[PDB]
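Here is the naming used below: chain letters follow the sequence lines, and residue numbers restart at 1 for every chain. All values below were derived from every heavy atom in this structure, side-chain atoms included, with hydrogens, water molecules and symmetry-related copies excluded.
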Amino acid sequence: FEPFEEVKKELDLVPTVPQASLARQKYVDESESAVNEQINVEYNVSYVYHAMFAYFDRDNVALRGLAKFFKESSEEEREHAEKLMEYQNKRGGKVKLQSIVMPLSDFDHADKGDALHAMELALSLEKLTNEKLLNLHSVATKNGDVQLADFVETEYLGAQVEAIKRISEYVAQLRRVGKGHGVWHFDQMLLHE
Amino acid sequence: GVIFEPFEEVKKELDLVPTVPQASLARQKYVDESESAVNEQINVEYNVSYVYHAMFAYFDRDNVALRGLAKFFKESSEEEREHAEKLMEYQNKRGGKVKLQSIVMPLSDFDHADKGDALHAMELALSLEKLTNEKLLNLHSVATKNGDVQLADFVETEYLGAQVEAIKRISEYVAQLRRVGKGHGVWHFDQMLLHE
Amino acid sequence: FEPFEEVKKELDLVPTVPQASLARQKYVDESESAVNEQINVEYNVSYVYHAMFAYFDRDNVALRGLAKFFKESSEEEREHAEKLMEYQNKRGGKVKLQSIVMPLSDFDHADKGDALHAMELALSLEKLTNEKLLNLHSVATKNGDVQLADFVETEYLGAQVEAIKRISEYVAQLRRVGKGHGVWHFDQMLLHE
Amino acid sequence: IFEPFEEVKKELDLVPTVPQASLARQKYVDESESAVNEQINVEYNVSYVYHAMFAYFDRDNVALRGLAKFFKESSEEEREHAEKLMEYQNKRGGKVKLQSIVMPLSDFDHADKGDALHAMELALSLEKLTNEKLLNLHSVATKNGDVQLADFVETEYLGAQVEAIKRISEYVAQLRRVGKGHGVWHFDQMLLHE
Ligand SMILES: [Ca+2]
Ligand SMILES: [Ca+2]
Ligand SMILES: [Ca+2]
Ligand SMILES: [Ca+2]
Ligand SMILES: [Ca+2]
Ligand SMILES: [Ca+2]
Ligand SMILES: [Ca+2]
Ligand SMILES: [Ca+2]
Ligand SMILES: [Ca+2]
Ligand SMILES: [Ca+2]
Ligand SMILES: [Ca+2]
Ligand SMILES: [Ca+2]
Ligand SMILES: [Ca+2]
Ligand SMILES: [Ca+2]
Ligand SMILES: [Ca+2]
Ligand SMILES: [Ca+2]
Ligand SMILES: [Ca+2]
Ligand SMILES: [Ca+2]
Ligand SMILES: [Ca+2]
Ligand SMILES: [Ca+2]
Ligand SMILES: [Ca+2]
C-alpha cells in the first residue's frame, strides 16, 4: 500500500465548481432521491400529528393526554425528518424539501369514538412509515450503498418497530377500557405517562 | 411537487388493522419462519442458561471448592437467561407469539481425571458458546433468506458482536488454565477469576 | 467431655476421595432427593411465570402491570430454586437439575377474562408449591433431619403464606372490578404498586 | 428439540490442542484474516502521513498551529483505528501481521493552492481512499459470508468515515472561501481553538 500513489486518482476527482459536494462518494442519485423522499414522509407524519394535536386540544373534545401525546409526537417526527436532512448533507447529497399536503382536521368517529379512531390512524401511519423506510432500505441495497443501509437500520428501523408496538398497545388499551369514562381515564394515564 | 399523500396511502394500512382480540396489531412483514426461528433461539439461550446453572452447582460443592468458577458460572447463567428474555421481548415487539419449549436435563458432574475439572468445564463452556454462535448465525441466515431486514439487524447488533467477545473471553480462560497447570495453578487462576 | 478422644472417631471418617462431600453429615439420600425435587418445582414455576409474562407482554394484550408482575415473579422463583441448590451444597448433597416441561403459552379465557384467569392460575400454582414444600418438610421430619426442616420453615413456608395471601387479594380485586375498564385500572394499580 | 450436550460434541472435540492455534477462531476464513491485516496497514499508513503533515505545519517558517494540532491529533486517532482492527483480529482468532510502512512526503507546500488548502485537499483524498479501502474490506466479508466482520466494519468504521469526510470537506470549503494569507491564518486560528 502506497498512500501517495493511490491517492492521486482521488485528488484529481476533487470538485472544482463551488456548487458541487466535496464529500460525496459512492452515493448515487437514486439514493439521494430516496433520502429526500423519506424526509418528506417524516415531515408529513409530523404535520398529521400536529393536526391531531389541534383536534384533541379543542375545548369540546378535551382529551389533554392525547393532545399532549400528538403534540410531542409531531415534534419527534420533525426530528426524524431533520436527522435525514443532516444525513443527506453528511453524504454530500442535496436536500430537496417537497410540498406537504393538507391533512384532515377532524378526527371524530361515531362507532369507534375519537380516541380509538385517532390511535388506529396513528398506528396505520406508523406502519405506512415503516413501509416507506423499508423502501428506502431497498433502494440502498439495490444500489449497493452499504453505509446508507446501515444508517437506516440503526437509526430508523429499530425505533419504528418500537413505535409500532407502543401505539399498538394504546389501541389495545383503548379497546379494553371502552368509550366514555374508560377513554377519559386512559387519557389521564397518557397525560401523566 | 406532491410525492406523498398520507391519508390516501394509509387507507390500505387501516383496513388491515386486526379486529379479533388474539391477533397482534403490531405484526408487519414478520413471517412464520422468522417467528419460529426466534422461538428456537429463545430455547437455545435458555438451555445454555440451565447448563451454566448446573455448572455453578457443581463448582459450589464443598469438596470442589472453586469459588471463582462457581461465581463465573452463576453469573453466566443469569446472563444467558437475559439473552433469552431479550429475544422474548423482541418476539413481542415484532408481534410474534413467544412459545417457550421444554428444557432438557443437563449433566450434573463436571469432573475429569485427565484435564482436571476446571479446564474441562471451561472447554465445555467454550464449545457451548461456539455452538450458540452457530445457532445465532443460523437465525441470522433465516432472517436474510426471508428478507427480514430488521430481524437480521437485531441479531447482528444485539447478539453477534457480544458472542464473539464471549468466545474470546472463555478462550483466554482455557489458555490460562492450560498454562498454570493442575493443583496450585488452577486454584490461583480460580482466585483471579473470583476477584476479576 | 474429651474433644480429642471423642474426635478420633470423627477424624478417621473424613472422606479421602475428591468426589465425596466433606461436609455431609446426617443427611440421608431421601432428604437429598426431596431437595432436588423441590429445586425442580421452583424452577418449573419460574418458567411458567416467564411464559405468563410473555403472554401479557403481547401488544394486543397490553396489560403492563401483569406483565411486570409475572416477569418479577419468574425472577423471584428462580431465586427460590437457587437458594435450594445452595442449601443442597451446604449439606453436602449433590444438585441434580431435571428437565423442565413446556408450559402453556396462551392465557386468554372467554368467561373469566385473561387477567382473572392468569391470577387464579398463579394462585393455584402457589398453592401447589406450598403443598410440595410441606411434603419436603414432611420428608425432613420423617427422617429426623432437624436442620432441613428448619431451613424449609425459615426460608420458604412463611414467604409462601404471604405470596398466597397476596395473589388471593389480586384475585378478589379482579373479581370486584370486573372486565374491561376495571381490569385495566387494576392493572395500572399493579403496574405502580 | 435442542440438546446442548449432544450438539456440543461436534465443537467439543474441535477444541485445538497445540499452543500456537487460536481457540476462539470460528467461521473466519484466511481471506478475511488477510483483508483485516491489509486494512490495519492502511490505517497505520494514514496515521504516518498525518504525522508527516503535523511535522510540516509545526515548522517555524510555516507556523500554522491549528493545522499542526489537527494533523497531530488525526495521526493519533488513525493509530487508534489501526489498533482497533488489531484487537478485532485477535477477537476473531486471526493473527495480526504488521506490514512495512512506506516513507511519506515531507513537504506540503503548493504554489497555486497554498500549503493549508493543499494539505486539506490531500487529507480529504486520503480519507476517501480509506473509505474505498474500508468498503473493499466489507466486500471481502460479504463475499465470504462473514456476517460479524461485515457488521464490525459498518459499526466501527463506515459511519465514522462518512463523518470524517464531511468534516474535512468543510475545511477545504472554508479555506477556499477565506483565501490565502490573512484568511488562511484566521481559519487556522479557528481550527486551533475548535
Ligand atoms: Ca417517524
Ligand atoms: Ca432539532
Ligand atoms: Ca436536532
Ligand atoms: Ca445533483
Ligand atoms: Ca414496553
Ligand atoms: Ca448466550
Ligand atoms: Ca431484561
Ligand atoms: Ca430481566
Ligand atoms: Ca400465529
Ligand atoms: Ca447493526
Ligand atoms: Ca416459589
Ligand atoms: Ca442469583
Ligand atoms: Ca442469589
Ligand atoms: Ca450420592
Ligand atoms: Ca423451627
Ligand atoms: Ca398485606
Ligand atoms: Ca482512519
Ligand atoms: Ca490505544
Ligand atoms: Ca494461520
Ligand atoms: Ca449491519
Ligand atoms: Ca457538523
Of all heavy-atom pairs between [X] and [Y], which one has the smallest distance, and what is that distance?
{"X": "A:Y27", "Y": "A:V35", "value": "OH-CG2, 3.3 Å"}
{"X": "D:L191", "Y": "D:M120", "value": "CD2-CE, 4.0 Å"}
{"X": "B:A152", "Y": "B:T144", "value": "CB-CG2, 4.1 Å"}
{"X": "B:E80", "Y": "B:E45", "value": "OE1-OE1, 3.1 Å"}
{"X": "A:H80", "Y": "A:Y156", "value": "O-OH, 2.6 Å"}
{"X": "D:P16", "Y": "D:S22", "value": "CG-O, 3.3 Å"}

Task: Residues that A:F1 engages under ring pair (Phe, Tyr, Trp, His ring centres under 6.0 Å), provided they are two or more places apart - done: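 Partners of A:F1 under the ring pair (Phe, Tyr, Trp, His ring centres under 6.0 Å) test: none.
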- [ ] Dump the intermediate steps for side chain to side chain contact (heavy atoms under 4.5 Å, CB included) on D:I165 and D:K128, then the final yes or no.
- [x] CA-CA 7 Å; D:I165 288 165; D:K128 288 197 179 191; 4.3 Å; yes
TODO: Could you check D:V42 against D:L129 for side chain to side chain contact (heavy atoms under 4.5 Å, CB included), going step by step and ending with a plain yes or no?
DONE: CA-CA 9 Å; D:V42 171; D:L129 176 57; over 6 Å; no
- [ ] Establish, from distance only, whether the side-chain atoms of A:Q25 and A:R91 form a donor-acceptor pair under 3.5 Å.
- [x]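 Result is no, nothing qualifies.
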Open item on the list: Testing the 3.5 Å rule here: is there a donor-acceptor pair between the side chains of B:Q163 and B:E129?
Closed with: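 B:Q163 vs B:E129: donor-acceptor pair found between side chains.
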With a 3.5 Å distance limit and no angle check, can you tell me whether [X] reaches the backbone of [Y] through a side-chain donor-acceptor pair?
{"X": "B:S141", "Y": "B:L137", "value": "no"}
{"X": "A:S31", "Y": "A:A140", "value": "no"}
{"X": "A:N40", "Y": "B:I3", "value": "no"}
{"X": "A:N89", "Y": "A:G92", "value": "no"}
{"X": "D:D151", "Y": "D:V147", "value": "no"}

Is the number of heavy atoms from other residues, nucleotides or ligands within 6.0 Å of [atom1] ([X]) greater than 12?
{"X": "B:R67", "atom1": "CZ", "answer": "no"}
{"X": "A:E75", "atom1": "CD", "answer": "no"}
{"X": "B:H188", "atom1": "NE2", "answer": "no"}

How long is the straight-line distance from [atom2] of [Y] back to [atom1] of [X], given to the nearest 0.5 Å?
{"X": "B:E123", "Y": "D:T17", "atom1": "CD", "atom2": "OG1", "value": "9.5 Å"}
{"X": "A:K26", "Y": "D:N131", "atom1": "NZ", "atom2": "CG", "value": "8.0 Å"}
{"X": "D:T130", "Y": "D:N45", "atom1": "OG1", "atom2": "CG", "value": "9.5 Å"}
{"X": "D:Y50", "Y": "D:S74", "atom1": "OH", "atom2": "OG", "value": "6.0 Å"}
{"X": "B:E196", "Y": "B:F72", "atom1": "CD", "atom2": "CZ", "value": "8.5 Å"}
{"X": "D:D115", "Y": "D:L67", "atom1": "CG", "atom2": "CG", "value": "7.5 Å"}

Can you tell if the side chain of [X] reaches within under 4.5 Å of the side chain of [Y], non-hydrogen atoms only?
{"X": "B:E156", "Y": "B:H140", "result": "yes"}
{"X": "B:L128", "Y": "D:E11", "result": "no"}
{"X": "A:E6", "Y": "D:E132", "result": "no"}
{"X": "D:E156", "Y": "D:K84", "result": "yes"}
{"X": "B:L87", "Y": "B:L139", "result": "yes"}
{"X": "A:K142", "Y": "A:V28", "result": "no"}
{"X": "D:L158", "Y": "D:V162", "result": "no"}
{"X": "A:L97", "Y": "A:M85", "result": "yes"}

Open item on the list: Can you classify the ring geometry of D:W185 versus D:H182 as parallel (below 30°), tilted (30 to 60°) or perpendicular (above 60°)?
Closed with: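 Ring orientation of D:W185 relative to D:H182: tilted.
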Open item on the list: Tell me whether the rings of B:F154 and B:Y90 are parallel (<30°), tilted (30 to 60°) or perpendicular (>60°).
Closed with: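 The rings of B:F154 and B:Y90 lie parallel, inter-plane angle below 30°.
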Open item on the list: D:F71 and ring pair (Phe, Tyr, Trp, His ring centres under 6.0 Å): which single residue from D:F57, D:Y171, D:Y56, D:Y48 fits?
Closed with: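 In the set D:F57, D:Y171, D:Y56, D:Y48, the residue that makes a ring pair (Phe, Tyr, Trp, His ring centres under 6.0 Å) with D:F71 is D:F57.
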Task: Residue list, side chain to side chain donor-acceptor pair (under 3.5 Å) with D:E163, at least two apart or on another chain - done: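 D:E163: side chain to side chain donor-acceptor pair (under 3.5 Å) contacts with A:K90.
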Is the shortest distance from a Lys or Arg side-chain nitrogen in [X] or [Y] to a carboxylate oxygen in the other one below 4.0 Å?
{"X": "A:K8", "Y": "A:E5", "result": "yes"}
{"X": "D:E38", "Y": "D:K133", "result": "no"}
{"X": "A:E86", "Y": "D:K166", "result": "no"}
{"X": "B:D190", "Y": "B:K71", "result": "no"}

Open item on the list: Given D:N37, which partner from the list D:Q89, D:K95, D:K97, D:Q99 fulfils the side chain to side chain donor-acceptor pair (under 3.5 Å) test?
Closed with: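 So, applying the side chain to side chain donor-acceptor pair (under 3.5 Å) to D:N37 and each of D:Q89, D:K95, D:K97, D:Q99, only D:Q89 qualifies.
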Task: Test log, rule side chain to side chain contact (heavy atoms under 4.5 Å, CB included), inputs D:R176 and A:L22 - done: CA-CA 12 Å; D:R176 285 178 183 181; A:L22 295 157; 3.6 Å; yes
Open item on the list: Against D:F187, only a single residue in D:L175, D:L64, D:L117 fulfils side-chain contact (heavy atoms from CB on, under 4.5 Å); can you say which?
Closed with: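 Testing each of D:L175, D:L64, D:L117 against D:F187, the sole residue satisfying side-chain contact (heavy atoms from CB on, under 4.5 Å) is D:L175.
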TODO: Assess whether side chain to side chain contact (heavy atoms under 4.5 Å, CB included) is satisfied between D:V153 and D:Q148, documenting all intermediate values.
DONE: CA-CA 9 Å; D:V153 174; D:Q148 207 282 317; over 6 Å; no
